[PDB]
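Take a look at the structure set out below.
Per chain, numbering begins at 1; letters A, B, ... match sequence-line order. Worth knowing before you read on, the calculation uses all heavy atoms, side chains too, and leaves out hydrogens, waters and symmetry mates.
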Amino acid sequence: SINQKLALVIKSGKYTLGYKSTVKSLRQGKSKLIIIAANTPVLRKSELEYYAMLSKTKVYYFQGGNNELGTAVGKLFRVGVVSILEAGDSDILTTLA
Amino acid sequence: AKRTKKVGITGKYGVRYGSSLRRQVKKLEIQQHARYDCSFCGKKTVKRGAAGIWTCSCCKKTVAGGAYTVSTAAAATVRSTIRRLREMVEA
Amino acid sequence: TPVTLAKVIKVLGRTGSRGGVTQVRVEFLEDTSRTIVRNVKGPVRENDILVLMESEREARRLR
Amino acid sequence: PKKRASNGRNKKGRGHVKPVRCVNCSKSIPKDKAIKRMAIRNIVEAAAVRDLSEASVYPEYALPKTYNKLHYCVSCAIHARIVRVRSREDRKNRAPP
Amino acid sequence: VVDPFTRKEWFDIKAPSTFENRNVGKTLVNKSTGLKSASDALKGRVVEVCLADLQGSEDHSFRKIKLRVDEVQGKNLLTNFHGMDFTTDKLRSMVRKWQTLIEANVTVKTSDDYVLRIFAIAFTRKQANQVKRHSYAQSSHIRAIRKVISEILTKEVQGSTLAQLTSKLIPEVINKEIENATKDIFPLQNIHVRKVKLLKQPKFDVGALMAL
Amino acid sequence: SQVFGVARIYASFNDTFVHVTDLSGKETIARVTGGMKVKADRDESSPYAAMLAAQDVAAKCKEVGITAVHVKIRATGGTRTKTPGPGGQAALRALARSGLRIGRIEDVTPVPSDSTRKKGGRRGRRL
Amino acid sequence: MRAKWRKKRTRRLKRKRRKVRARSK
Amino acid sequence: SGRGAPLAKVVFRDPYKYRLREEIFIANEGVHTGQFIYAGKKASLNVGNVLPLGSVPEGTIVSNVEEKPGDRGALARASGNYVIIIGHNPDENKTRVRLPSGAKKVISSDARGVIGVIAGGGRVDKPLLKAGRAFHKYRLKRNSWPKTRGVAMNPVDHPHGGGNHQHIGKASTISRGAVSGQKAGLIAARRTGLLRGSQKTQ
RNA sequence: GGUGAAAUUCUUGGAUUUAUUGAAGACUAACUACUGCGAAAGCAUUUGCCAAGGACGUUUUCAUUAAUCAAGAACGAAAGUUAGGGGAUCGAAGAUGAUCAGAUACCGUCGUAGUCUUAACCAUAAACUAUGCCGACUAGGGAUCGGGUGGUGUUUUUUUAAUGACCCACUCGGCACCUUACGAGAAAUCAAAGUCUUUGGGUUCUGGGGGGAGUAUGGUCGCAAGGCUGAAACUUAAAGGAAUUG
RNA sequence: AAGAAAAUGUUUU
Ligand SMILES: [K+]
Ligand SMILES: [K+]
Ligand SMILES: [K+]
Ligand SMILES: [Mg+2]
Ligand SMILES: [Mg+2]
Ligand SMILES: [Mg+2]
Ligand SMILES: [Mg+2]
Ligand SMILES: [Mg+2]
Ligand SMILES: [Mg+2]
Ligand SMILES: [Mg+2]
Ligand SMILES: [Mg+2]
Ligand SMILES: [Mg+2]
Ligand SMILES: [Mg+2]
Ligand SMILES: [Mg+2]
Ligand SMILES: [Mg+2]
Ligand SMILES: [Mg+2]
Ligand SMILES: [Mg+2]
Ligand SMILES: [Mg+2]
Ligand SMILES: [Mg+2]
Ligand SMILES: [Mg+2]
Ligand SMILES: [Mg+2]
Ligand SMILES: [Mg+2]
Ligand SMILES: [Zn+2]
Ligand SMILES: [Zn+2]
């Protein structure tokens, strides 16, 4: 599932948590995938999709809200969007859709 | 310390109005004064205004709900019934 | 009232609470490839012609 | 004393078996304890299979059968002679006739 | 004192357009009058006819077909496919002890607009050399078999209209497809499509009904 | 070549119904019962009453224009009996014998995929 | 007496005793 | 004020003039601020949308239902109440519905209603617990509180007044044909006493 | 309609029956078994998610970490309690019909509470296998569920094979069962209720004639119903278990 | 297929 891939990404790869750093990565062109929490506001979701299509970046929609995304990424705070910068030894980039 | 054994919030009513009435009022007052998770921002910041109005201190969004709880059991079953009927209509 | 007769081809046994009735399989004289089971009150033996007011009622045992 | 070595039922390793209702009196009896008989009678015997065959519009109709599982309570089974009181040695014979 | 059968008139239920035989029978309905029309009294009637009578072959003695009067043309009631079911005798005959009964049901929309629920049934069976007397499945076989049957039914519809699915049910090609796809999972003697239920129909589209 | 109706023999205890309808079931022809054929308040379910009722149903059907009936036999069903009454066989035999043609007999007793609570209490009728 | 109804009668008697002692002081 | 249900202020665009029309709906529960409300025959079956009664499926739960098309809401307006659509008659286009009192009502299928239940439900489940709370409840509704008992008045003041003991003296069940000044007590009561039995008579 | 027979009851404002739709709530038939899982109470529609669990396999790891357990806890059918929701069915109370010598009992027609659920209580059942748990040993047998191993096996197509199902043999663990009892028992019976006067593997709980009595009293828990703990005075020669003949 | 009613019997030997 996505929880195992995300956990392996946290423990091995590179990631950034939060809207501002995610947009920074997208506009730097150095993000591989962005995972958006289900309860993210739709305007923010659409802007992230616009940034991702401009940077030719893949978007995955997490089934949980920000609380569930924070738990999945292994943090004790809510996470609205995750940007995978390096996948590490994880198949999250390729095992999509 | 624990200041009361069982009255809880209804310790403000003293010995008046009867134990059973104070018990009912305790349950509904705790229910109406609790903080609830916001379905939009994901924070436990939804508090009641007047009866039936539940506003999130964060993101300033307010939802119509039950008088003393954010969502009633009637609300859950009506939402489910409308979802079922809507899905049948659309497919 | 239609008049129909049959002939007893087998005597099945005594029935009724007091054993007064006799169970007989009877073959209809007309259209002889037809047998029905009937309840009879009097003493019955084989090759005896019974007269039937009604033709179609499979007689069940009298408990 | 204990009349039946296992019990008057068939339940070991369960604790609870959902009840069924007797077809004759509607008494609640555990399904494992209920006396179950299958009735597979032809839909029309009536000493009249030949009558239905002659009256039928189809050649070689192959008239159907009616299937019915009947559950009896102990009292109803004994009164209706579905099962009979047996000698002490005969009780231990589970083989059907 | 009234004898209402004098004011009834007979209509021919020209029920199918593709099954084998357009004639299923006749029905009666009260004569059209000033304030009550026979076409209104009809046009909702469901006639359920045996597929054996509708195909002329007795190997369809089960699988009754439901046919709804949809439009009236001059004493002829043109119907359309409304649903299909096994007979109780066949269902109870297939359901036996000392074997596992596997049931699958899907809700899928046909090619044009038709929404259907398909109920398929299967029964575990012993092998030819089997000595064990019950031949049950391990319920992971049941889950896999149900998954396969659901996928098969969902594929067979959505590539078929109501008419194509109706012409597909009669030769029972779905049953042999289930047998081919689950034979490597567990034996499954008695695979059948026991029921087709029509949940929602599109706009009445008399043009589409006029396939006869 | 034949004009077909539906027989709809509902054979409970305490009564039997012989209900010939059209192939659709909307239009009904000569629904008749053993309660209308006998007056004893106990014999309503008797096979003789069922036979007389079926004879009357077949007569009126042959007057209306029905020549054959597809037979649908049922018990009370639901939660109660599942066993067809004493009158169903008599009604079916009488319809067969009265000149009507017979077709496609089916047992359509309403059988729950599971039931509401059956009447009688958990101890049942105690007689 | 059936033991179930013996228990029920004892329970009724016990409640009656509590009521009588409670009326007393 | 004086209303248990919260109100929803919903802004629509004027279709014929360039301006906004603000409407005061009764807030259905689940409706939030910033939510889009869709009103019309082609509106979706989502909570808070306003649809004609004939345009919703069987068993739909609606609120603020019109008795006549265009009266802008008459039925199921108190908090927690709703109307169920129990059937349609497209010919002679009508809708059979279940009202909060349990009455069956036939309404023109073009009469509108809001999908969902009125917010603020469960309001009357809390004991008022205080004459002060009843005072404040009725201070914003009307001058109907507190209420003096008729048996506690004088014969001049009420039918029930007078007597050396407080008692009605005659039956308090009052005929439907009684006149103003006589209708004190139980008007045209089909029965009295503690309700033992089932309601919703066939 | 209902019944052994009836009657209450509904019915030409069309009952019962039919057909067509629709809704509500409950429930999960058949398959369903001397079959499975769980500590027990219990658990039976599909699918998804979430954690959990036994057995097996292991030339994996730690190394005595363990057994049973006052006090102390968690869970604990049904009924019942409090507040919502829901209230189709059945249905303590109640209303009635009938039977009767009486019959506000059985039987019939309704029907409140309840039945379902949510959030809290309650903590009891013939909560049973009336059989504590852990460990070792002591007959024979065939089935069956889960896992594993092997076969010149059969079948299934993929293309060689291989998984699947089945067959054979073994094995570990489980629900049980058949015979015989070396053995035990008062017997019924028991592979444990055996390895007990040839009495000792470890450990917890309970009983000491029948009533009075699970009563009184005190304490404690519960909103309550009640739960847990729990006597005595006095009374009594049997009460009781299993089996035998009538 | 099934079949309504049926209460009571002093003490000791
Ligand atoms: K007065
Ligand atoms: K109820
Ligand atoms: K003496
Ligand atoms: Mg005994
Ligand atoms: Mg138990
Ligand atoms: Mg009658
Ligand atoms: Mg008896
Ligand atoms: Mg007042
Ligand atoms: Mg006053
Ligand atoms: Mg005064
Ligand atoms: Mg007066
Ligand atoms: Mg006056
Ligand atoms: Mg005075
Ligand atoms: Mg009618
Ligand atoms: Mg099932
Ligand atoms: Mg199983
Ligand atoms: Mg303890
Ligand atoms: Mg309860
Ligand atoms: Mg106990
Ligand atoms: Mg003692
Ligand atoms: Mg004895
Ligand atoms: Mg004596
Ligand atoms: Zn918020
Ligand atoms: Zn019974």
Side-chain angles (χ1 to χ4, degrees), chain A residues 1 63, chain B residues 19-20 23-24 27-28 31 72-74 77, chain C residues 63, chain D residues 1-2 5-7 9-16 18 20 24 31-32 36 67 69 79-80 94, chain E residues 44-46 68 91-92 95-105 123-124 126-132 134-139 141 143 146-147 150 183-187, chain F residues 6 8 10 13-15 17 19 21 25 28 31 33 35 41-42 79 83 85-86 111-121 125-127, chain G residues 7 10-11 13-15 17, chain H residues 57-59 84 86-88 98 122 125 195-198:
Chain A
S1 66
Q63 188 168 10
Chain B
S19 68
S20 71
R23 201 174 303 124
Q24 290 169 11
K27 300 310 177 288
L28 291 167
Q31 184 177 2
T72 54
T77 188
Chain C
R63 194 80 254 174
Chain D
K2 185 189 286 184
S6 74
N7 262 322
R9 60 196 293 175
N10 193 332
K11 178 199 86 46
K12 274 196 173 53
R14 265 158 285 294
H16 190 259
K18 272 286 185 64
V20 76
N24 194 285
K31 177 189 161 153
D32 71 277
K36 298 170 285 286
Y67 310 74
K69 197 165 192 176
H79 180 62
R94 303 180 50 107
Chain E
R45 281 178 195 212
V46 180
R68 185 178 65 247
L91 280 167
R92 311 289 296 106
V95 182
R96 313 269 321 275
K97 257 173 101 167
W98 331 119
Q99 67 184 25
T100 309
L101 172 149
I102 302 156
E103 285 218 67
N105 85 88
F123 301 88
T124 54
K126 333 199 189 196
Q127 297 275 44
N129 78 327
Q130 183 153 343
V131 173
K132 195 148 53 49
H134 44 250
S135 79
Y136 291 128
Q138 273 192 357
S139 180
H141 312 320
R143 277 196 279 285
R146 204 180 279 119
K147 200 172 177 65
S150 289
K183 69 187 174 311
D184 190 359
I185 303 162
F186 195 80
Chain F
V6 177
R8 283 168 216 284
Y10 170 25
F13 297 95
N14 314 129
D15 201 359
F17 295 77
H19 189 181
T21 78
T28 62
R31 183 205 58 249
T33 71
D41 209 357
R42 46 185 315 180
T79 60
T83 290
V111 175
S113 286
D114 61 358
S115 66
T116 48
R117 192 151 173 82
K118 190 185 173 184
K119 170 190 163 62
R125 308 184 76 230
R126 306 170 291 266
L127 305 166
Chain G
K7 183 179 284 187
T10 290
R11 298 211 172 172
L13 183 63
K14 188 162 176 175
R15 295 179 66 251
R17 252 189 302 269
Chain H
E58 294 294 328
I84 306 149
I86 63 170
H88 300 285
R98 179 66 66 192
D125 291 13
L195 271 164
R196 284 180 180 116
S198 161

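D/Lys2 places its NZ atom 9 Å from the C1' atom of I/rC128, with the value rounded to the nearest Å. The distance from atom CZ of E/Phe186 to atom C1' of I/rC166 is 9 Å, rounded to the nearest whole Å. In this entry the distance linking NZ of F/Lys118 with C1' of I/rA88 reads 19 Å, nearest Å. One atom, CG of F/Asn14, and another, P of I/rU109, lie 11 Å apart when rounded to the nearest Å. In this structure, F/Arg117 atom CZ and I/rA92 atom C1' are separated by 13 Å, rounded to whole Å. For the pair D/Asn10 CG and I/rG36 P, the computed distance is 11 Å after rounding to whole Å. If you measure from atom NE2 of D/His79 to atom P of I/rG4, you get 11 Å, rounded to the nearest angstrom. Rounding to whole angstrom units, NZ of residue E/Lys183 and P of I/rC166 are separated by 18 Å.
Adjacent nucleotides I/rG25 and I/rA26 have six-membered base rings whose centres lie under 5.5 Å apart with planes inclined under 30°, meeting the stacking criterion.
Applying the 4.0 Å criterion to OP1 and OP2 of I/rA165, one finds that E/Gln130 has every side-chain N and O outside that range. In this model, the phosphate group of I/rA33 is approached by a side-chain N or O of D/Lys69 to a distance below 4.0 Å at OP1 or OP2. Close to I/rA83, at under 4.0 Å from its OP1 or OP2, lies a side-chain N or O of B/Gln24. A sub-4.0 Å separation between OP1 or OP2 of I/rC107 and a side-chain N or O of F/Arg126 is present. Regarding contacts with the backbone of I/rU32, a side-chain N or O of E/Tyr136 is found under 4.0 angstrom from either OP1 or OP2.
In this structure, H/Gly87 reaches neither bases nor backbone, as no heavy-atom distance under 4.0 Å exists between it and the strands shown. When heavy atoms are screened at a 4.0 angstrom cut-off, B/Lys27 is found touching no nucleic acid atom at all. Residue-level contact check: E/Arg68 touches neither bases nor backbone, having no heavy atom under 4.0 Å from any strand. Note on F/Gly85: nothing from the nucleic acid sits closer than 4.0 angstrom, heavy atoms only. Note on F/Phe13: a base of the nucleic acid sits closer than 4.0 angstrom, heavy atoms only. Among the protein residues, F/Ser113 comes within range of the nucleic acid bases, having at least one heavy atom under 4.0 Å from a base atom. Using a 4.0 Å heavy-atom criterion, one finds that H/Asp125 contacts the sugar-phosphate atoms exclusively. At the heavy-atom level, F/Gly120 lies under 4.0 Å from the strands shown only through sugar-phosphate atoms. Among the protein residues, E/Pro187 comes within range of the sugar-phosphate backbone only, with heavy atoms under 4.0 Å from sugar or phosphate atoms but none that close to a base. Using a 4.0 Å heavy-atom criterion, one finds that F/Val111 contacts the bases of the nucleic acid, with or without backbone contacts as well. Using a 4.0 Å heavy-atom criterion, one finds that E/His141 contacts the sugar-phosphate atoms exclusively.
Shown here, I/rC234 is classed anti by the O4'-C1'-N9-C4 or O4'-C1'-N1-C2 angle, which is more than 90° from 0. Classification of I/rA192 as syn follows from a glycosidic angle within 90° of 0. Annotated as syn: I/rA191, whose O4'-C1'-N torsion sits within 90° of 0. Base orientation of I/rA92: syn, the glycosidic angle falling within 90° of 0.
Using the sign of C1'-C2'-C3'-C4' as the criterion, I/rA71 falls on the north side of the pucker cycle. Judged by the sign of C1'-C2'-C3'-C4', the furanose ring of I/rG111 adopts a north, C3'-endo-like conformation. The torsion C1'-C2'-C3'-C4' is the criterion here, and for I/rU82 it is positive, giving a north pucker. A negative value of the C1'-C2'-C3'-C4' dihedral assigns I/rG14 to the south, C2'-endo side. Nucleotide I/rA105 carries a north sugar; the sign of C1'-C2'-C3'-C4' is positive.
No canonical Watson-Crick or G-U wobble pair links I/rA23 to I/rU60 with each of its two hydrogen-bond distances shorter than 3.5 Å. For the criterion of Watson-Crick or G-U wobble pairing, both bonds shorter than 3.5 Å, the nucleotides I/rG108 and I/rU96 count as partners. Here I/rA98 does not sit opposite I/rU45 as a base pair, Watson-Crick or G-U wobble, with both distances under 3.5 Å. Entry note: I/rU189 and I/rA184 meet the pairing test, Watson-Crick or G-U wobble at under 3.5 angstrom for both distances. Nucleotides I/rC90 and I/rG114 satisfy the base-pair criterion: a Watson-Crick or G-U wobble arrangement whose two donor-acceptor distances both fall under 3.5 Å. Under the 3.5 Å cutoff applied to both distances, I/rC196 and I/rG142 fail to qualify as a Watson-Crick or G-U wobble pair. Between I/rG241 and I/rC121 there is no Watson-Crick or G-U wobble pairing whose two distances both come in under 3.5 Å. Between I/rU158 and I/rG91 there is no base pair of the Watson-Crick or G-U wobble kind with both donor-acceptor distances below 3.5 Å.
Judged by distance alone, with hydrogens and angles left aside, the side-chain atoms of D/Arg9 form no donor-acceptor pair with the main-chain N or O of D/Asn7 at under 3.5 Å. Looking at B/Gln31, its side chain never comes within 3.5 Å of a backbone N or O of B/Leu28 through a donor-acceptor pair. Although no hydrogens or angles enter the test, the distance criterion places no donor-acceptor pair under 3.5 Å between the side chain of E/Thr124 and the main chain of E/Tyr136. Of the possible polar contacts, one joining the H/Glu58 side chain to the H/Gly87 backbone as a donor-acceptor pair under 3.5 Å is found.
If you look at F/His19 and F/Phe17, their ring centroids are not closer than 6.0 Å.
Heavy-atom minimum distance, E/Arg146 versus E/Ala104: CG-CB, 3.7 Å.
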For nucleotides 215-231 of chain I, just jot down a letter per nucleotide in 5' to 3' order: B, S or -, based on protein non-hydrogen atoms under 4.0 Å.
SSS-------SSS----
Nucleotide by nucleotide, 5' to 3', does protein get under 4.0 Å of the base (B), only the sugar-phosphate (S), or neither (-) in nucleotides 7-16 of chain I, counting heavy atoms?
S-------BB
Reading 5' to 3' through nucleotides 43-52 of chain I, protein heavy-atom contacts under 4.0 Å coded B for base, S for sugar-phosphate only, - for none:
BS-SS-----
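With rounding to the nearest 0.5 Å, the separation of CG in D/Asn10 from NZ in D/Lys36 is 7.5 Å. Between the CZ atom in E/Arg96 and the CH2 atom in E/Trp98 there is a gap of 11.0 Å [rounded to 0.5 Å].
Closest to the side chain of F/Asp114, from the set I/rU28, I/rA33, I/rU18, is I/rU28. Out of I/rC175, I/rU17, I/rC145, the shortest distance to the side chain of E/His134 is found at I/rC145. Which of I/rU163, I/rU18, I/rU154 sits closest to the side chain of E/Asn129 comes down to I/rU154.
No hydrogens or angles were tested; on distance alone, nothing pairs the side chain of F/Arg125 with the base of I/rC106 as donor and acceptor under 3.5 Å. Donor-acceptor pairing under 3.5 Å, judged by distance alone, is absent between the side chain of H/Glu58 and the base of I/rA23.
Electrostatic pairing of D/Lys11 and D/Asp32 does not count as a salt bridge here, judged by no charged N lying under 4.0 Å from a carboxylate O.
Comparing F/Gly121 and D/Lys36 against RNA chain I, the residue whose closest nucleotide sits nearer the 5' end is D/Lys36. Mapped onto RNA chain I by nearest heavy atom, F/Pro112 and E/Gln127 fall at different nucleotides, with F/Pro112 at the one closer to the 5' end.
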Please determine whether side-chain contact (heavy atoms from CB on, under 4.5 Å) holds for the pair B/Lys27 and B/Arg23, giving the CA-CA distance in whole Å, both sets of side-chain angles, and the decisive distance to 0.1 Å.
CA-CA 6 Å; B/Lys27 300 310 177 288; B/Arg23 201 174 303 124; 3.8 Å; yes
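Base-pair partner of I/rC170: I/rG148 (Watson-Crick or G-U wobble, both distances under 3.5 Å).
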